[PDB]
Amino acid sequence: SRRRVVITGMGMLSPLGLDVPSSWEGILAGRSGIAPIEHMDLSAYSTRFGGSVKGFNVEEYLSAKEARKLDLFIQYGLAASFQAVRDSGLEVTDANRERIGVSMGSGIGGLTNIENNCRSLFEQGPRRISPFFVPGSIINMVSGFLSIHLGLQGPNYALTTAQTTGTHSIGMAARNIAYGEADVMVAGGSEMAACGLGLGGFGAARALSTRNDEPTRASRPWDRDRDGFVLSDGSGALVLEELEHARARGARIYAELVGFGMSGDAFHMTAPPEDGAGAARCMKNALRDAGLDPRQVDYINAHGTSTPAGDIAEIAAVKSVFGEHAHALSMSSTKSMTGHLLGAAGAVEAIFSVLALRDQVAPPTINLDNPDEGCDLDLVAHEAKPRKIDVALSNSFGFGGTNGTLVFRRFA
């Protein structure tokens, strides 16, 4: 028998807010966080908008001198991590520091910093590269810096599974705890790929919406006029904790993490199978892991990226796993409002699923004006829907056909 894993702290930066409550208020209000990007010249680019973190002050977390050593994706991950630990009320001691670890990841990592160092290298040569370039850019430095700042000596690692990172990081941190390798883990993801190589890279593959004239309507999952995903920045972190450890210190418990599934499509480098067969195996794996019947699922936070192929494949997977119950559950994409935070998408979407359980409200899919052929489920179009939610599922699918599913249940 495994130990049980509960959520006792959450932290976030998103295009809707600098913490969880501000973000969640934007989610329930149906607000968009998408705007034209201000921090660079995008004249030559086919996409000029995305979800930026507005008003972030790294000096609430680090000295200006510490912060100069670290890429934005690392600053964002540290901010979500410090928020989640504070939110949990956990006290790190000599008695428990070896039982507390970190799994914070990223899809694309230190693109901005690499881009800024390339400028210096071609302009002036290698003498102008920062001494902190390597440690300040590598994906495991959110886990490393957090562990150094807080004295965490438990398992210390980072996942990178592109758009699935946040979901895999959380699920494998839950495994660490379930099988007794740690009592507490800080887990999630962070991303800041709005540089030329990000917008340019995804733009070259024709993956991005180009609705430059109306950025707030660009992200429209399952709508007949969708034209690709919206690139967004930010971070999510959750304090995962063994149940008996949480109860002993009187921790506030948001929800229980009951299931985790993984699968590979083994199909294509960027496209899903049109029946979403890998996403179907993943969800069934997560439900078998939790000991749940499909009929017990009330709410799905979809991957729902606003791509032609992805959105439909996910409807097919849900119809196949849930049969008739596909028309009773509610499913929405919060990416209609946040855009796609890539490696952080699963971390902020885990937090939205947990708060959907806490508040007993399904977040809306905004911009769902004309649902496409076969998109006939309850996708919570336009407006938040209060409803009963005992079980919430969160899905992430990524480049390489790598899939993750998390199942959260109410804890009483």
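From 1 onward, residues are counted along the sequence shown. For clarity, a rigid core is taken as the largest C-alpha set superposing within 1.5 Å between two forms.
Student: Rigid core superposed, root mean square over structures and residues, which stretch has C-alphas farther from this form in 4 other deposited structures of this protein, 140 to 148 or 118 to 126?
Tutor: With the rigid core superposed, the C-alphas that lie farther in 4 other deposited structures of this protein are those of 118 to 126.
Student: When the core is superposed, where do the C-alphas shift more in 4 other deposited structures of this protein: in 42 to 50 or in 382 to 390?
Tutor: This comes out as 42 to 50, the stretch further from the shown form in 4 other deposited structures of this protein.
Student: Would you tell me which stretch averages the higher CA B-factor in the PDB entry, 91 to 99 or 193 to 201?
Tutor: The entry gives the higher C-alpha B-factor average to 193 to 201.
Student: Going by the B-factors listed in the PDB entry, is the mean over the C-alpha atoms higher for 177 to 185 or for 269 to 277?
Tutor: Per the PDB entry, the higher value belongs to 269 to 277.
Student: Take the CA temperature factors straight from the PDB entry and tell me which of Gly171, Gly144, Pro131, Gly105 peaks.
Tutor: That would be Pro131, according to the entry.
Student: Which is it among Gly304, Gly77, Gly339, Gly250: the one with the largest CA B-factor in the entry?
Tutor: Checking the PDB record, the top C-alpha B-factor among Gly304, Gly77, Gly339, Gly250 is at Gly250.
Student: Quick check for you: using the entry's CA B-factors within this chain, is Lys335 in the lowest, middle or highest third?
Tutor: Tercile = lowest for this residue's CA B-factor.
Student: Quick check for you: using the entry's CA B-factors within this chain, is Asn116 in the lowest, middle or highest third?
Tutor: CA B-factor rank for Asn116: highest third.
Student: Could you place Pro221 in the lowest, middle or highest third of its chain by Cα temperature factor, using the values in the record?
Tutor: It falls in the middle third of the chain.
Student: Using the B-factor values recorded in the entry, state whether the Cα atom of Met40 falls in the lowest, middle or highest third among the modelled residues of its chain.
Tutor: Highest third - that is where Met40 ends up once the chain's C-alpha B-factors are sorted.
Student: Split into thirds by Cα B-factor across the chain's modelled residues, where does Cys282 land: lowest, middle or highest?
Tutor: As the PDB entry reports it, the C-alpha B-factor of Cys282 lands in the middle third of its chain.
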